[PDB]
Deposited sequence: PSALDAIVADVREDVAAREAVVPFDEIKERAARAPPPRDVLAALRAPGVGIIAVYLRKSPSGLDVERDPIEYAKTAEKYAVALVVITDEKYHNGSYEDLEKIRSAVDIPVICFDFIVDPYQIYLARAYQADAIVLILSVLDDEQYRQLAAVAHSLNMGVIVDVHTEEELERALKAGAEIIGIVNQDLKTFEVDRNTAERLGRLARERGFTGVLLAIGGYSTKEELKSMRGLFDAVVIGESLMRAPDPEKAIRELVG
């Protein structure tokens, strides 16, 4: 019995179903031909604590772009549910970068996000081992997309630090036990800085003076929504 195992199985079968109609080689080509990503790193590095808004789609996006530095669009890997087409429509309706947030274990999903014009993706270190992390980050970076590395424990933070992650998001939920530690953000963000980290810290939730941006808002999509 394992909620996290079930989510990973859902994602892997979602990919298998998508591949049967849009094969891996075809999604790679569509991703490579997509228009270049907007720069998520620069939007988050901008002075001040930027708001990252989370997602009628067009109305909310056009409203959100008046004050947010970036937009997060939670997607659904299940077959033929319009979720990736809506990501593209939303991104096309605004002028800020759009983060595609789903549960990525397979390179197919990164090409999929890029093909529908995502500017960045999230990698979750509680889900990924070091070899998977290296592969998936390399895929995203080969398409000039930003990578947000979500961490929840001291050990995950250290992996992100040692790997040289430039954007680290700190999440308060444990994706294996599904327990919430309401003060992880302050604890790990302070620890990140005090260990010498000079990149971008995101909080996925009064930790004043620590974070460059803050995200402002079971099956895989439900689990993502809990993270935000």
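Missing from the model, by position in the deposited sequence, are residues 56-67, 218-226, 239-244, 256.
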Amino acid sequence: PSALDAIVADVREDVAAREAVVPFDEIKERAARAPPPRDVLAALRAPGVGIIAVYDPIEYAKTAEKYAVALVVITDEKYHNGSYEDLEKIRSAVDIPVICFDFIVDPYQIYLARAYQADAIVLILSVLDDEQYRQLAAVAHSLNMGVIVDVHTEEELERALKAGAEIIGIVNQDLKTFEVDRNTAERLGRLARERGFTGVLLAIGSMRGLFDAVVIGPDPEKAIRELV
From here on, numbers count along this sequence of modelled residues.
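For the pair 141-149 and 79-87, the record assigns the higher mean C-alpha temperature factor to 79-87.
For the two regions 56-64 and 158-166, the entry's Cα B-factors average higher over 56-64. Placement of the Cα temperature factor of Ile204 within the chain: highest third of the modelled residues, per the deposited record. Per the deposited record, the Cα B-factor of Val214 falls in the middle third when ranked against the other modelled residues of its chain.
Sort the chain's modelled residues by C-alpha temperature factor and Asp95 lands in the middle third, per the entry. Among the modelled residues of its chain, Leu191 has a C-alpha B-factor that falls in the middle third, as given in the PDB entry. Among all modelled residues in this chain, the alpha-carbon of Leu175 has a temperature factor (C-alpha) in the highest third.
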